[PDB]
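Just one chain is shown here, as structure tokens, and it is the form deposited in one PDB entry.
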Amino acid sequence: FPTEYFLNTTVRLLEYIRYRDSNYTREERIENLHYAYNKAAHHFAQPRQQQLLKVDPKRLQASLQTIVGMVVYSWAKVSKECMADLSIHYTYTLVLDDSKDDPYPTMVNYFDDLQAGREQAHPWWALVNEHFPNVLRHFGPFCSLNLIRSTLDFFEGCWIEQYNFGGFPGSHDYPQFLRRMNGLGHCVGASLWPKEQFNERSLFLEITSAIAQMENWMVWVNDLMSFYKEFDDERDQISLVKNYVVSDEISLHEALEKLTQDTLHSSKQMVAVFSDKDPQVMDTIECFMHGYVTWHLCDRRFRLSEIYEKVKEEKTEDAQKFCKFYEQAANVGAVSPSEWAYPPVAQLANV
């Protein structure tokens, strides 16, 4: 693991975007986390959900807490109900995100069943499409369409990843093709605009623009931040950075530099474009960018604490800047699970 370069790149990003999280007071944070967790926990504990969603209890629990954090930390302006419903949707996607399964058999009659209104054969689709209305009720038709497309894309992306194919050497378009596919970019981007707070028709151009630009910023930031948890992980391996290596036949070092440059430029344009636009829009965008980073630095899923410990000592400016940022984020989002994530889904299921 290029620890030395991981610190280099991460520091460049955090410093360039001027990472800082003022999204909530600690009381507000805990309050939202618990609300979202509580509703989702009861949802996933239902027998039907327990029966069709094939996932290890411990894994479901960890996935739910990771997503509640992501939603609460990054969608700081939407209502508690919206955070909760979104948390359920993104927990379904995270579960699929780490899974190993062959969709082929259950996708043979996908369209015909869809058109006829018959329950989907793939259990994931059966649960996701049944729950979807609870998510879409928060948005106008345009944003809703984006959520639907992006989730369908994501499903295809996880399907492709099952083949552990990083692209044919020379297939330069493959890496980003897959990343957009599995990125859930338009879903995340469009889910930032609840109709309760934003009028889809009045802000059509800014929202469309935000979806287009946020898609890349969002995915790339995760490619960089999650570069650590991914790397020695089997389910991953097939990633933008590693596919850049195989497909464009370049060095991991160059791949990371490529990713970092794109990310910095994406950040740059986010500012240029939205700085002088509707204040409410800029506010939501800012809350997302900052909270999104706080989430990557704190959440267990990305285990960046491991890199903190190993680097906490050595003083190389680059290593010190990382720990500073890591500490700053921890001071805001390092909330203990016992303060909000209870009771466990399992306990509610066996009730």
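Take the two forms, superpose them, and find the largest set of C-alpha atoms that agree within 1.5 Å; that set is the rigid core. Numbering starts at 1 and follows the sequence shown. Residues that one form lacks are left out of the comparison.
### Message
On mean Cα temperature factor in this entry, is 44-52 or 320-328 the higher one?
### Response
Comparing averages over the C-alpha atoms only gives 320-328.
### Task
Using only the Cα atoms and their B-factors as the entry lists them, report which of 300-308 and 33-41 averages higher.
The entry gives the higher C-alpha B-factor average to 300-308.
### Task
Tell me which of 124, 159, 110, 227 tops the list for C-alpha B factor in the record.
In the PDB entry, the greatest C-alpha B-factor among 124, 159, 110, 227 is found at 227.
### Deposited CA B-factor, highest of 276, 153, 97, 119
Top of the list by C-alpha B-factor: 276.
### Message
Split into thirds by Cα B-factor across the chain's modelled residues, where does residue 253 land: lowest, middle or highest?
### Response
For residue 253, whose C-alpha B-factor we compare with every modelled residue in the chain, the answer is the highest third.
### Query
Relative to the other modelled residues in the chain, which third contains the C-alpha temperature factor of residue 234: lowest, middle or highest?
Its C-alpha B-factor belongs to the highest third of this chain's values.
### Query
Compared with the other modelled residues in the chain, in which third is the CA B-factor of residue 130?
For residue 130, whose C-alpha B-factor we compare with every modelled residue in the chain, the answer is the lowest third.
### Query
For residue 164, does the deposited CA B-factor place it in the lowest, middle or highest third of the chain?
Tercile = highest for this residue's CA B-factor.
### Message
Taking only the Cα B-factors deposited for this chain, tell me whether residue 197 sits in the lowest, middle or highest third.
### Response
CA B-factor rank for residue 197: middle third.
Omitted here: the form deposited in another entry. The next part is about that form.
### Task
After superposing the two forms on their rigid core, pick out the one entry in 235, 201, 149, 80 with a CA shift of 2 Å or more between the shown form and the other one.
Just 235.
### Query
Using the core for the fit, does the CA position of residue 35 change by 2 Å or more between the shown form and the other one?
Residue 35: C-alpha displaced by less than 2 Å between the shown form and the other one.
### Query
Is residue 327 one of the residues whose C-alpha moves 2 Å or more between the shown form and the other one after the core fit?
It does, since the residue 327 C-alpha is displaced 2 Å or more between the shown form and the other one after the core fit.
### Query
When you overlay the rigid core, is the Cα of residue 51 off by 2 Å or more between the shown form and the other one?
No, because once the rigid core is superposed, the C-alpha of residue 51 moves less than 2 Å between the shown form and the other one.
### Query
Relative to the form shown here, do the C-alpha atoms of residue 232 and residue 158 sit closer together or farther apart in the other entry, given a change of 3 Å or more?
Their C-alpha distance grows by at least 3 Å in the other entry.
### Task
After fitting on the rigid core, list every run of 3 or more consecutive residues where each C-alpha shifts 2 Å or more between the shown form and the other one, in sequence order.
Residues 1-21, 230-236, 306-328 form the shifted runs.
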